[PDB]
Amino acid sequence: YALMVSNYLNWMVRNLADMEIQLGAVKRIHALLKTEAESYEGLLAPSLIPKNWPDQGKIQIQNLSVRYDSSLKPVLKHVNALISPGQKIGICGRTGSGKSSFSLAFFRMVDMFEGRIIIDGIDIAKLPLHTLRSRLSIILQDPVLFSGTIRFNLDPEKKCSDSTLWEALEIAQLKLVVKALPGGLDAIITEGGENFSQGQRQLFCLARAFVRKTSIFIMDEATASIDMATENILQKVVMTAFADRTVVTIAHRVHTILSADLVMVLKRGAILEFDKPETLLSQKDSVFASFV
Amino acid sequence: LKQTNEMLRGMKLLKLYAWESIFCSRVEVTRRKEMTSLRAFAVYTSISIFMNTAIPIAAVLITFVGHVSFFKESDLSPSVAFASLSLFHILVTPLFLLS
Amino acid sequence: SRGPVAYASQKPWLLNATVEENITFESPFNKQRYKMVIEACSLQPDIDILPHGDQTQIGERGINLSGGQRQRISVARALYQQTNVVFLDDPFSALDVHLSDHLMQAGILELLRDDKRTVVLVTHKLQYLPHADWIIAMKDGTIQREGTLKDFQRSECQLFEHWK
Amino acid sequence: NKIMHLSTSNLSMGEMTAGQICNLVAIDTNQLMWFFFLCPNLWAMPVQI
Amino acid sequence: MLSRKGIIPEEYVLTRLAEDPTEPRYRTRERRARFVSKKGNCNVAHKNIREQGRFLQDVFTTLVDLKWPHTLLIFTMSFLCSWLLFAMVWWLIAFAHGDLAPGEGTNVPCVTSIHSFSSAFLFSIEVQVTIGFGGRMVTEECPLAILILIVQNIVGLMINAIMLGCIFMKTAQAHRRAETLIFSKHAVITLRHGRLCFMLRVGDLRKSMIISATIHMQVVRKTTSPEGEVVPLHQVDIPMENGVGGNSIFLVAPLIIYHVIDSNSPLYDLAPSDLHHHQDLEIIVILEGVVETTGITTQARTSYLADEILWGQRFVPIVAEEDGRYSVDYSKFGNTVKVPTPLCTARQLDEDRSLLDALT
Ligand SMILES: Nc1ncnc2c1ncn2[C@@H]1O[C@H](COP(=O)(O)OP(=O)(O)OP(=O)(O)O)[C@@H](O)[C@H]1O
Ligand SMILES: O=S(=O)(Nc1cc(CC2CCCCC2)n[nH]1)c1ccccc1Cn1ccnc1
Ligand SMILES: [K+]
Ligand SMILES: [K+]
């Protein structure tokens with residue numbers, strides 16, 4: 001037994017070193033597990049007290065302020081603007097601070113919310129976040145698509161098997177692509193649209209809006225789009241305003257934003273200018289000159 | 001890993017689209033699929049470790065039983081028994097590394 | 001016998017390092033030349049968007065950029081190499097921003113006139129397709145003619161009326 | 001050195017890719033180094049046994 | 001037991017772009033290198049030393065440089081080795097002669113009273129240290145023993161002479177006395193007679209006077225010539241601004257050493273703003289002089305970094321007259337008081353003086 005002592009000690013030390021090396025990563029994982037946040041719940045009864053789905057869109061901002069860095073240096077200062085229910089209003093600002101604040105406040109993603117918002121006559125913070133995001137369509141700045149079957153990609157959570165979704169997808173855009181795809185409704189994506197038209201994101205957003213029947217629509221800036229793409233986007237916005245009766249457009253293109261009931265701009269951490277009619281923006285030539 | 005990297009790359013979009021659980025279902029399915037192979041690997045390495053640990057003891061037992069019963073030509077002198085044990089302990093290391 | 005010929009490719013190539021190091025490409029850093037190149041390429045707004053600016057881990061295994069941005073980086077590096085011969089492979093086909101292309105063309109023209117060096121820009125840029133610079137036509141795996149710009153006018157087929 | 005003196009024809013670029021050659025360098029060189037490390041064992045262990 | 005091997009099929013493939021070193025980055029403000037310490041002991045490290053045995057050639061010098069305990073140990077070891085060797089030689093001689101054998105005294109023993117190695121060692125001790133008990137006498141019929149005795153006496157005399165010389169040389173050392181010199185903890189710079197100067201205080205503790213006092217001032221800094229030369233530690237001599245220019249001084253009470261900063265002085269373009277800690281500046285003062293007791297030159301080395309310079313300060317008076325003599329309060333050696341001076345450099349001060357002269 002004495003002869004084996006040296007090899008036993010050597011193996012013990014080597015295994016202890018390896019165990020410590022692996023336990024370093026184990027401790028890193030455990031420390032990462034200590035980051036507990038993002039509690040998806042509501043401080044009210046969500047059975048029947050809130051609306052099943054916001055349709056009127058009668059939301060009144062009452063001195064709403066949003067900040068990220070622990071409620072410090074907010075991008076909004078008592079924002080209280082009267083939105084137009086039952087109509088599409090597109091607010092375009094030269095600076096992206098207003099659009100970012102609006103996007104954060106729409107889904108309550110802002111870290112700090114100094115104010116009150118009545119979402120369709122009900123509180124926004126007292127509603128399920130999952131339901132709120134499911135019943136509110138939104139587009140992205142850049143085309144982002146997952147890799148999977150279109151039936152399992154367009155409405156994975158809804159899991160609706162109606163052929164109306166496929167009909168709407170083939171009618172909105174990429175009819176030739178849908179016809180050429182052997183799967184069709186259940187066609188699998190190719191590396192998340194690695195080789196696909198730039199309008200795939202817009203088509204997916206339109207299909208999601210059609211499926212979920214989200215009355216309120218949220219729009220973001222377009223990094224790059226052709227004239228035909230812009231015309232199709234405008235047609236989709238008009239269709240949403242006709243059917244869903246609510247649409248919100250946020251971008252920096254004055255020509256696109258002019259096709260809306262109301263226009264507003266926010267800059268320097270506060271509201272810059274609000275124009276209830278569309279012609280009021282053209283009345284103030286400063287914003288028109290800045291845009292073009 | 002490729003699937004979860006695809007999920008995390010568009011994590012903001014997935015969170016805003018309320019499809020996190022929908023994709024997590026496929027994540028769990030793939031995790032079970034990999035866990036089956038991981039369990040097979042664990043079983044195979046358990047068998048390997050058990051054989052490695054039990055081979056020398058079984059060989060020593062067989063040698064001693066054979067010498068005592070079949071041969072019975074010696075009184076099992078310690079000078080032979082412990083020498084054989086030391087030789088087996090020495091030869092254990094090359095045997096499990098030759099493969 | 002071949003010198004340090006500057007080259008560009010249709011598929012951009014990037015170094016998994018900082019943007020400034022990738023642009024320099026193991027070359028001495030001159031502030032004046034770097035500022036002139038970045039002003040010509042209009043890469044300052046792109047650097048402003050980046051968190052670390054030129055210190056961001058550009059390329060693979062790090063920060064991934066668009067094809068136009070990668071082409072901007074490649075052409076900026078090629079210009080900053082400051083070689084007597086510069087080659088391009090569709091620099092404007094990938095990125096067709098008219099203002100940026102015109103600014104880069106003007107900067108390249110000024111720099112090459114100052115240096116009196118040969119520059120080859122293989123592209124389908126119809127905006128500067130007719131010019132006082134020499135032209136060469138390639139089709140069916142052969143060179144049709146490499147001479148003055150008036151040769152194209154003398155030919156019966158004027159590049160399908162230059163897509164006018 | 002071989003990479004520096006390697007042709008750039010598509011017939012070879014599309015056959016042995018950059019990822020493939022990187023995996024080759026990562027794996028084959030390491031396993032050959034391990035074989036060099038274990039080379040005395042194959043000479044000694046049978047004789048010792 | 002055993003372990004596993006480094007079999008890496010693909011290194012997890014996706015395991016990349018981790019970054020985030022999270023290094024402490026505490027080495028930026030670790031420390032500042034000093035040419036010499038406040039108490040001499042130049043902190044300079046030598047590298048690539050190609051010695052050819054000259055270190056061991058100076059055996060006497062090495063012995064002198066050895067400390068007192070080391071010298072005592074070497075003395076004891078050498079004497080014990082010599083005694084043991086001579087005792088062994090005597091024992092071998094006795095054994096060869098056969099007198100060691102306990103036999104009849106028919107033959108005259110080579111050395112009398114020899115019975116064991118202990119007796120041989122006692123005889124060797126008596127011979128070498130010249131004790132001479134006489135019980136162990138040397139016979140006249142042992143010429144080899146006579147020759148060994150002669151050799152042992154010669155070796156003992158030579159060893160005694162060498163040890164005495166080494167002891168005298170070690171006693172002549174006065175480095176500890178040289179350490180008794182006192183220099184200001186922090187130096188000051190202030191105007192004198194309308195001229196800026198770098199003042200410093202130096203004093204001595206022991207009442208013994210040091211003769212031929214000579215102080216040298218130099219500045220150690222990295223200087224690059226316009227021709228492109230790069231000198232890592234350039235040393236430039238600094239005058240003491242003496243009345244006659246010589247470095248000879250008469251130090252009884254702690255005196256103030258001041259150097260007038262002229263245009264030719266390298267300190268002519270220095271500002272208090274650039275007098276921070278991490279500054280390429282170090283003042284070295286070397287004091288030389290012989291001791292009235294030992295007559296051996298002694299050297300004092302001190303350093304003053306930029307952070308150790310007290311801009312716009314004045315040393316307090318230290319000498320106070322008494323009823324019959326003068327008194328020095330050594331507790332006031334390092335006490336200084338602020339002196340109102342302009343913050344401009346020496347160059348700017350001279351330029352302002354020239355502008356004032358031109359205006360007037
Ligand atoms: N009265 C004294 N007796 C002996 N050494 C002294 C005396 N005053 C100062 N020193 C020496 O001066 C050096 C500087 O350190 P220290 O801060 O103790 O002195 P100092 O700045 O002269 O102080 P003080 O305020 O006493 O004049 C030290 O080596 C210290 O031993
Ligand atoms: O005990 S060994 O020396 N082990 C060892 C591994 C390395 C890797 C280095 C070299 C490669 C790069 C990392 C560092 N250095 N040393 C040992 C030596 C000879 C035979 C058997 C062993 C035991 N063995 C084998 C596998 N695991 C333990
Ligand atoms: K004597
Ligand atoms: K005597």
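With 27 Å as the cut-off, how large is the P(r) tail for chain E, expressed as percent of Cα-Cα pairs? Of the Cα pairs, 69 percent sit more than 27 Å apart.
Here the spin labels are modelled as points 7 Å beyond Cα on the Cα-Cβ line, and at residue E:359 and residue E:161 they lie 8.1 nm apart.
Principal-axis analysis of the Cα atoms of chain E puts helix E:143-171 at an angle of about 20° to the longest axis. The angle between the Cα long axis of helix D:18-48 and the longest principal axis of the Cα atoms of chain D comes to about 10 degrees, rounded to the nearest 10. By the beta-carbon count within 10 Å of each Cβ, the least crowded to most crowded order of E:95, A:152, E:183, fewest first, is E:95, A:152, E:183.
Taking one quarter of the surface of the C-alpha convex hull of chain C gives a mean projected area of 11.3 nm². Projection of the Cα convex hull of chain D, averaged over all directions and equal to a quarter of that hull's surface, yields 4.8 nm². Of the residues E:291, E:220, E:127, the one that moves most in a GNM of chain E with alpha-carbon contacts below 10 Å is E:127. Available extension along the chain between residue E:229 and residue E:347 is 40.0 nm, counting 0.36 nm per residue and deducting the alpha carbon span.
When the helices of chain E are scored as -39500 (n - 2.57) per DSSP H run of n ≥ 4 and the total is divided over every residue, the value at 222 nm lands at -9000 deg cm²/dmol. Between amide H atoms placed 1.01 Å from N, distances below 5 Å from residue E:110 occur with E:99, all of them 5 or more places distant or on a separate chain. Placing pseudo-labels 7 Å out from each Cα toward the beta carbon at residue E:113 and residue B:93 gives an inter-label distance of 6.5 nm.
Of all the options A:34, A:73, A:175, the one that moves most in a Gaussian network model of chain A with Cα springs shorter than 10 angstrom is A:34.
Could you tell me the relative contact order of the range A:1-109? Use alpha-carbon pairs under 8 Å, at least six residues apart, and round to a whole percent.
Contact order relative to length: 16 percent.
With contacts taken as Cα pairs under 8 Å and at least 6 residues apart, chain C reaches a relative contact order of 24 percent. Overall dimensions of the range C:89-164, expressed as equivalent-ellipsoid semi-axes from the Cα gyration tensor (√(5λ), whole Å, largest first), are 22, 16, 12. Of A:236/B:2; C:31/C:125; A:27/E:5; A:158/A:267; A:51/A:158, which ones are farther than 28 Å apart at the Cα? Correct reply: A:236/B:2; C:31/C:125; A:158/A:267.
Remark on residue A:262: its backbone amide H falls under 5 Å from those of A:90, a criterion applied only to residues 5 or more positions apart or on other chains, H modelled at 1.01 Å from N. In chain A, the alpha-carbon atoms span a convex hull of 226 Å³ per residue. In units of the rule-of-thumb radius 2.2 N^0.38 Å, the range A:14-152 shows an alpha carbon radius of gyration of 1.44.
If I take every Cα pair under 8 Å that is 6 or more residues apart in the range E:255-360, average their sequence separation and divide by the length, what percent do I get for the relative contact order?
Worked out over the range E:255-360, it gives 27 percent.
Dividing the Cα radius of gyration of the range C:37-129 by its Kirkwood radius returns 0.97 for Rg/Rh.
Rounded to the nearest 20, the Cβ-based charge dipole of chain C about its Cα centre (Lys and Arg +1, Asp and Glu -1) stands at 300 debye.
Computed with the Debye formula from one identical point scatterer per Cα of the range A:1-51, without solvent, the log10 of I(q)/I(0) at q = 0.19, 0.29 Å⁻¹ comes to -0.78, -1.02.
In a reduced charge model with +1 at each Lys and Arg Cβ and -1 at each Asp and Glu Cβ, the protein assembly as shown shows a dipole moment near 2120 debye about its Cα centre.
The residues neighbouring residue D:26, those whose beta-carbon lies less than 10 Å from its own, together hold a net charge of -3 under the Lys/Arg +1, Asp/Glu -1 convention.
Angle of helix E:117-128 to the longest C-alpha principal axis of chain E, folded into 0 to 90 degrees and rounded to 10: 60°.
Taken over chain B, the ratio of Cα radius of gyration to 2.2 N^0.38 Å equals 2.16.
Projected onto its three principal axes, the C-alpha set of the range E:46-93 covers 51, 25, 14 Å, listed from the longest axis down.
Projecting the Cα atoms of C:40, C:155, C:56 onto the dipole axis of chain C, where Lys and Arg carry +1 and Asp and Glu carry -1 at the beta carbon, places C:155 farthest toward the positive end. GNM on chain E, alpha-carbon springs under 10 angstrom: the most fluctuating residue among E:13, E:129, E:202 is E:13. In chain A, helices alone account for a calculated mean residue ellipticity at 222 nm of -11500 deg cm²/dmol, with every DSSP H run of four or more residues adding -39,500 (n - 2.57).
For the range A:118-273, the calculated P(r) over all alpha carbon pairs, in 5 Å bins from 0 to the bin holding the longest distance, is 2, 8, 16, 21, 19, 16, 10, 5, 2, 1, 0 percent.
Shielding value for B:64-76 is 0, the average number of Cβ atoms from other chains within 10 Å of each residue's Cβ. Each of residue E:292 and residue A:7 was given a label point 7 Å from its Cα along the Cα-to-Cβ line. The distance between the two points is 8.0 nm. Note that the protein assembly as shown carries a Kirkwood radius of 41.4 Å, evaluated over its alpha carbons pair by pair.
Remark: C:49, E:238 ranked as C:49, E:238, counting other beta-carbon atoms within 10 Å and listing the fewest first. Rounded to two decimals, the Cα-based Rg/Rh of the range A:163-219, with Kirkwood Rh, is 0.96.
Ordering E:16, A:108 from the fewest to the most neighbouring beta carbons within 10 Å gives E:16, A:108.
Here the Cβ is made from the backbone with ideal geometry for all residues, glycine too, and neighbour counts use every protein chain on show. Every number in this text was worked out from the coordinates using simple rules, so none of it is lab data.
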